[PDB]
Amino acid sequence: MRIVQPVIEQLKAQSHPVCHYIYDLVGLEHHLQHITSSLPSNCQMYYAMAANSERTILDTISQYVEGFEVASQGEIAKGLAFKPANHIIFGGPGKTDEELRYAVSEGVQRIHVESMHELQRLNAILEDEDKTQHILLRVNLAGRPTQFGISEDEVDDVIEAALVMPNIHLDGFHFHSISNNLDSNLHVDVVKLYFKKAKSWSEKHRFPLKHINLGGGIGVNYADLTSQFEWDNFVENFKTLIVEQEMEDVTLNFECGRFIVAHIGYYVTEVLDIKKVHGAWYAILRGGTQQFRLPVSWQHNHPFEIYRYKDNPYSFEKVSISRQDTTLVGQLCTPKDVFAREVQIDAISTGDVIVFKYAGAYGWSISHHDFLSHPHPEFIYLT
């Protein structure tokens, strides 16, 4: 509340309707300074802009991170606004010929190759353009069947194919098995598996293990806001693992999105209407889940807080309820437009503002902005 309330009160004082995204850039910079500086000298931090690729967010982040992790030519173009191509790293299971040629043309640092067929499509462009390209092979370790990377048993044949292509520079491997892990001790064991796997292929095939992309998937807790990822405990144990496994001459990198921008983002919206239907209570808010789809996608009740507005703009009384199971919804004409279902609300009124915390990662970026053609939420960036 402390961060957003001065903004909400200004909007109320000016009679502007509250349907906003608010981002705390000071807290973002402070958070990034700590994370990147704690890392060892051989490890790097790339920002995965999937979580949030708003231009102001990238402007702020660029200074503190090594580079950007991108999943398309459009994300490359957004990254090139603030970083050189050789600090952009390109992953994804379906990179088109256009994207590969554009990536090669711009000269992106690495392409994280996810198949034998992709390798050959890339290599054909490299022979055509007469360029070379640093790559990692993305590996899918035996957890379940997904579309991502090379299946573990197929990896050997893709290594041998990449090594005999002179235009390909096989730096090493890319692992991204999990997303949203909250356990720091467990994440260290995932990294240990990556080191042992990467070293075994390097030793079997006899090529220099130059680089390992350890992926991302550093979790954010939406249920319990006090129990976040123990980054300091992780980093210090992660440092111990590097020296134990002798990975000091191997350059490492993470590609984090959610953990970097989640807690610094807020989706704030005014209460338009409160109603009781067949027993159940509902609070209808401005905007909707087409602007903030995270709770519907993940199927949880998103954490929020209620700013109690004291004035009344109408000549008639506000609708108020107290201590009821209340379902929070937007303006959409679908029953799926639900921020939170049957959650406790101590006091809520028409004219109050719901402050959804932890809205900065995969909030606006995953949302179906133009469904039912509502106007976009307004964007405020605090400095």
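All residue numbers refer to positions in the sequence shown, first residue = 1.
According to the record, 10 or more deposited residues between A142 and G143 are left without atomic coordinates. Mean C-alpha B-factor is higher over 27 to 35 than over the other stretch, the pair under comparison being 353 to 361 and 27 to 35. Once the C-alpha B-factors are averaged per stretch, 46 to 54 and 318 to 326 rank with 318 to 326 first.
Residue set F82, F173, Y267, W231: peak C-alpha B-factor at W231 (per PDB entry). Out of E75, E99, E160, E129, the entry records its largest CA B-factor for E129. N180: CA B factor lies in the highest third for its chain, per the PDB record. When the CA B factors of the chain's modelled residues are split into thirds, the value for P313 lands in the highest one.
Among all modelled residues in its chain, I22 ranks in the middle third by Cα B-factor. The deposited CA B-factor of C256 belongs to the middle third of values across its chain.
For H117, the recorded CA B-factor ranks within the lowest third of the chain. Only modelled residues enter the ranking.
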